[PDB]
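*Asks:* As given, the protein sequences belong to chains B and A, one line each in that order. Each number in the entry's author numbering corresponds to the 1-based position in the first sequence with 97 added. Each number in the entry's author numbering corresponds to the 1-based position in the second sequence with 668 added. Just so you know, even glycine gets a beta-carbon here, dropped at the ideal spot from N, CA and C. Input: one structure, supplied below.
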Amino acid sequence: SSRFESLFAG
Amino acid sequence: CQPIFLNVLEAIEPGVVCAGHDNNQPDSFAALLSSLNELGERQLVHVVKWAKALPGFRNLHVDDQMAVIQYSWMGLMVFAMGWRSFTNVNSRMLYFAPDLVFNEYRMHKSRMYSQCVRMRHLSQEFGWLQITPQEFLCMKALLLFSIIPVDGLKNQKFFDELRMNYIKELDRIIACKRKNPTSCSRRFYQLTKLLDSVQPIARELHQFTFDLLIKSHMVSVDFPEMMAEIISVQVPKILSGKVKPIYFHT
Ligand SMILES: C[C@]12CCC(=O)C[C@@H]1CC[C@@H]1[C@@H]2CC[C@]2(C)[C@@H](O)CC[C@@H]12
């Protein structure tokens, strides 16, 4: 999701 | 010949992660679980960096890259913790982090004693089965590709191909010093049984953390925003049967 996606994106 | 695959797995293996727990305070349910949650978030950062560096991981559609991590982090982290417990304290305690080690008293105080004892048993099996560091690395990587949605991934074919390749690598590691096919078969049976055993534990923890998040404000347990997101958006997909583990045995 948003928070995880941001982490994943760097 | 160079063990390219294993060279990579050893090279990308995350280092030590601390929980930030205050061991000077008397143990309490709220503090122990809040620290486990913080540790979960800290380890997730490393799991993401680790996963993205795995051989062939980029072959997967990006949406699937994110999905497999969000579904398998519990199993991955429990497996790694069991290995740490075995190597650092011979399974005498659960070595979540250098600053968060659980003796039986803490297992009880955490209110998930049954799950903790099952994790301690998992840790003991690393010793009973004489799991090598190389088998551990390959098995842990395989755990990232052991849980998928019933409705299918964006590109299920690429995922199936990658999982197959990791199983092939596990076969190669088993055959290294084994010339007899029967010896390899026996080892594969043992390792797949161990891998399967991680799933029921992960599900119990998924259920426990889900219930804890729902009543977190009532028990003073803090959940980092990202963990709250994953546990409320992804974990329920697993608990409701929409996402399921891939078992080797029935
Ligand atoms: C994955 C972690 C944290 C990382 C680890 O070493 C394994 C351990 C297993 C129990 C989890 C914990 C993270 C926080 C959870 C999910 C708590 O909310 C309840 C169960 C805990």
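Does the beta-carbon of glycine 795 of chain A, which I'm using as the reference point, lie nearer than 6 Å to any heavy atom of ligand 1?
*Replies:* No, the beta carbon of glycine 795 of chain A sits no closer than 6 Å to any heavy atom of ligand 1.
*Asks:* Taking one C-beta from the segment 785–801 of chain A and one from the segment 747–755 of chain A each time, how about it: are there three or more such pairs within less than 8 Å?
*Replies:* Cβ pair count under 8 Å is three or more, so yes.
*Asks:* Skipping 5 residues on each side, what residues in its chain have a beta carbon closer than 7 Å to that of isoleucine 869 of chain A?
*Replies:* Counting only Cβ-Cβ distances below 7 Å, and skipping sequence neighbours, we find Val746, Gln783, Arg786, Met787, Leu790.
*Asks:* Thinking C-beta only, is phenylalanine 770 of chain A closer than 7 Å to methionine 780 of chain A?
*Replies:* No. Outside cutoff.
*Asks:* Is any heavy atom of ligand 1 found at a distance shorter than 6 Å from the C-beta of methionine 761 of chain A?
*Replies:* No; taking the cut-off as 6 Å, the Cβ of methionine 761 of chain A has no heavy atom of ligand 1 nearer than that.
*Asks:* Taking Cβ to Cβ, would you say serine 703 of chain A is nearer than 7 Å to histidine 689 of chain A?
*Replies:* Yes, the pair counts as a contact, with Cβ atoms nearer than the cut-off.
*Asks:* Quick one: Cα of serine 98 of chain B to Cα of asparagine 727 of chain A, how far?
*Replies:* The alpha-carbon atoms of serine 98 of chain B and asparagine 727 of chain A are separated by roughly 21 Å.
*Asks:* Does the distance between the C-beta of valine 746 of chain A and the nearest non-hydrogen atom of ligand 1 fall short of 6 Å?
*Replies:* Yes, the Cβ of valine 746 of chain A comes within 6 Å of a heavy atom of ligand 1.
*Asks:* Any contact of the segment 843–852 of chain A with the segment 807–826 of chain A, i.e. 3+ C-beta pairs under 8 Å?
*Replies:* As far as the Cβ criterion goes, the segment 843–852 of chain A does not touch the segment 807–826 of chain A, which means the pair count is below three.
*Asks:* Using a Cβ-Cβ distance under 7 Å, would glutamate 709 of chain A count as near chain B?
*Replies:* Answer no: the Cβ-Cβ gap between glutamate 709 of chain A and chain B never drops below 7 Å.
*Asks:* So what does DSSP say about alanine 765 of chain A, is it helix, strand or coil?
*Replies:* Here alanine 765 of chain A sits in strand by DSSP.
*Asks:* Of all the options A:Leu707, A:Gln670, A:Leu907, which has the alpha carbon lying nearest to the alpha carbon of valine 818 of chain A?
*Replies:* Cα-wise, what sits closest to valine 818 of chain A is A:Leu907.
*Asks:* To which residues of the same chain is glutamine 733 of chain A closer than 6 Å at the C-beta, ignoring the five residues directly before and after it?
*Replies:* Once the five neighbours on either side are set aside, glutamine 733 of chain A has no close Cβ partner at all.
*Asks:* Using a Cβ-Cβ distance cut-off of 7 Å, determine whether residue 621 of chain A contacts chain B.
*Replies:* This structure gives no information on residue 621 of chain A, because the portion of chain A shown stretches from 669 to 918.
*Asks:* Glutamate 893 of chain A touches chain B at which residues, Cβ-Cβ below 8 Å?
*Replies:* Residues of chain B passing the Cβ test: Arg100.
*Asks:* Sort A:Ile899, A:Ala721, A:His917, A:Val736 by Cα distance to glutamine 858 of chain A and report the nearest one.
*Replies:* The shortest C-alpha separation from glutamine 858 of chain A is found at A:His917.
*Asks:* Quick one: is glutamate 706 of chain A near chain B, going by C-beta distance under 7 Å?
*Replies:* With 7 Å as the cut-off, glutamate 706 of chain A does not count as an interface residue toward chain B.
*Asks:* Which value, in whole angstroms, describes the spacing of the CA atoms of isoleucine 672 of chain A and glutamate 803 of chain A?
*Replies:* Each residue's Cα considered, the two are about 15 Å apart.
*Asks:* Could you tell me the distance, in whole angstroms, from the CA atom of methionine 832 of chain A to the CA atom of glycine 683 of chain A?
*Replies:* Distance between the alpha carbons of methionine 832 of chain A and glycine 683 of chain A: 27 Å.
*Asks:* Between which residues of its own chain and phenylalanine 725 of chain A is the CB-CB distance below 8 Å, once the five residues before and five after are set aside?
*Replies:* Closer than 8 Å at Cβ, skipping near neighbours: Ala719, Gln733, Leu830.
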